[PDB]
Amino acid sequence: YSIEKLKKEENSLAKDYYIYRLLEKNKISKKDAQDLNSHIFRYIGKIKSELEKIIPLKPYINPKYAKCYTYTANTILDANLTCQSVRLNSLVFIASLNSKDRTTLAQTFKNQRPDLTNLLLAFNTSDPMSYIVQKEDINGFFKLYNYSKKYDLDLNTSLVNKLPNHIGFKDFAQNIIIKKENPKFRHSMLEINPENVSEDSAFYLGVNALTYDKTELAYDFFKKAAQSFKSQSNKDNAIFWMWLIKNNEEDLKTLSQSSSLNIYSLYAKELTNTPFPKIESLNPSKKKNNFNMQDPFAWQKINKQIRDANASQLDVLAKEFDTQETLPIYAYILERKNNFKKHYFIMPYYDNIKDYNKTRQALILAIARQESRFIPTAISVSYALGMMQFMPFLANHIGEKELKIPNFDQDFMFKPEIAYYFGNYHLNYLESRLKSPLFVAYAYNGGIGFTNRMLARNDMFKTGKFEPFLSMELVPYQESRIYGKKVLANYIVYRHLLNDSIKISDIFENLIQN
């Protein structure tokens, strides 16, 4: 489709994908690209940097403060007082000034903006973080952390307990704990009162406390996380820790009776001889309908209707799409429609995988459920394609160089036959090197480079009191940490449905290297 037909379609990730594809093939003229900013659902990342190679946009700065960016560190004392304050938002700017000008600007600002005063005087020292910490300036602490992550220093109880009141705190704690940077910051965060944190912050501080073997503080942190978490999956992750640390059976019972199906609730059910949860069964009699499951545009359309529906338009959609041909959509609508209380694990386009061994089938289906919910024409924000969410680099390399498919286009990933076959091929490569389906899941999402780098560390997936569950919490990419846990649960479930059950404790045992 030409840029002109693309312009007639609604903004969406599909449209973006296709505009990107013209860009990468250099088929968009400077003229085509004029009105094109209005035609991009999500102007971030690749399509942005690619369209800015044609029409650079170097904006934007408000007409108000335009005079203010005509001054440099050399001429800043000639600037009016508003301009002075604007430029001092940048800690790099402040670092650029000489110390005489910092002293002067610091006196100007001590009345109305002592935040500025403190940063100004801080950069007149060999250690700005220490100066800020001594003044207990919370806003300054975070501006310094964002400016430079290499500042590290011990923080007292008074101070650490103020940090969680700032929006930066969560990202700050997550980062330094899973990356294992700022050891003095980490050690100091052992004195945060659990009362003062909640949710993810509380959870990550529980993980922190485990790493220093402070199991009491860890429980309190995990407990506070259990009581505050919005989603049940996260509550469960926290209840599981509560149990592992103390071993109260009230905790494990709550976890075995969870409405959320996840690895922690599954493991707990196994440990308590609780029966496997009820998996729905969808077998629509209706054979097909009008809907083109191979049209990416139709999907994005119907996907917006499903998202933006009262739980009553849903029942109109559910019935419209209650067919064998639109089964993946049916299950998608149903999942939302029953408020995520029912467990849907379909096996669509099964003829394409029925001749693989059942353990392989489970792995493929588990990946596809998380990647796509089995939507053939699914496109991610990084433009990963189809049910198995292949990046176009990898899809083209497999399809052109390896499997030598004739007339291979990357849009072939929209075909179930192909998605499942390339999925099988790529998983074969990963399994043969990594073995565990959890490790395979990490590498399917984050690449095998990152996974091998992680497994080579001697603090990851080794033996230890709290292993392998602690390592699972310390996987360094957030997206991959979450992905693994989910795909693993999907794997258990699908092995079960396939009559190829495995104890999840068996999976956890083979995560440890001896």
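Residue positions are given as counts along the sequence shown, with the first one as 1. By rigid core we mean the largest C-alpha set that fits within 1.5 Å across both forms.
Inset, instruction - Quick one: core-superposed, which stretch strays further from the shown model in 9 other deposited structures of this protein, 429-437 or 304-312? Go by RMS C-alpha distance. - result: Relative to the shown form, the greater RMS C-alpha distance in 9 other deposited structures of this protein belongs to 304-312.
Inset, instruction - Rigid core fitted first, then name the stretch among 482-490 and 59-67 whose C-alphas deviate most from the displayed form in 9 other deposited structures of this protein. - result: When 482-490 and 59-67 are compared in 9 other deposited structures of this protein, the bigger C-alpha shift is seen for 59-67.
Legend entry - Residue range whose averaged C-alpha B-factor is higher in the record, 243-251 or 161-169: Mean C-alpha B-factor is greater for 243-251.
Legend entry - Of 364-372 and 311-319, the stretch whose C-alpha atoms average the higher B-factor in the entry: The stretch with the larger mean CA B-factor is 311-319.
Legend entry - Per the PDB entry, maximal CA B factor within 32, 479, 473, 467: 32 has the highest C-alpha B-factor of those listed.
Legend entry - Candidate set 354, 235, 269, 143 [ranked by C-alpha B-factor, highest]: 354 has the highest C-alpha B-factor of those listed.
Legend entry - Chain third (lowest, middle, highest) by recorded CA B-factor, residue given as residue 176: According to the entry, residue 176 has a C-alpha B-factor in the chain's lowest third.
Legend entry - Entry-reported Cα temperature factor of residue 415, expressed as the chain third it lands in: For residue 415, whose C-alpha B-factor we compare with every modelled residue in the chain, the answer is the middle third.
Inset, instruction - Looking at the entry's B-factor column for C-alpha atoms only, identify whether residue 205 ranks in the lowest, middle or highest third of its chain. - result: Lowest third, going by the recorded CA B-factors of the chain.
Legend entry - Record-listed C-alpha B factor of residue 489: chain third: Within its chain, residue 489 is a lowest-third residue by C-alpha B-factor, going by the deposited values.
Inset, instruction - Sorting the chain's modelled residues by C-alpha B-factor, tell me whether residue 277 ends up in the lowest, middle or highest third. - result: Middle third, going by the recorded CA B-factors of the chain.
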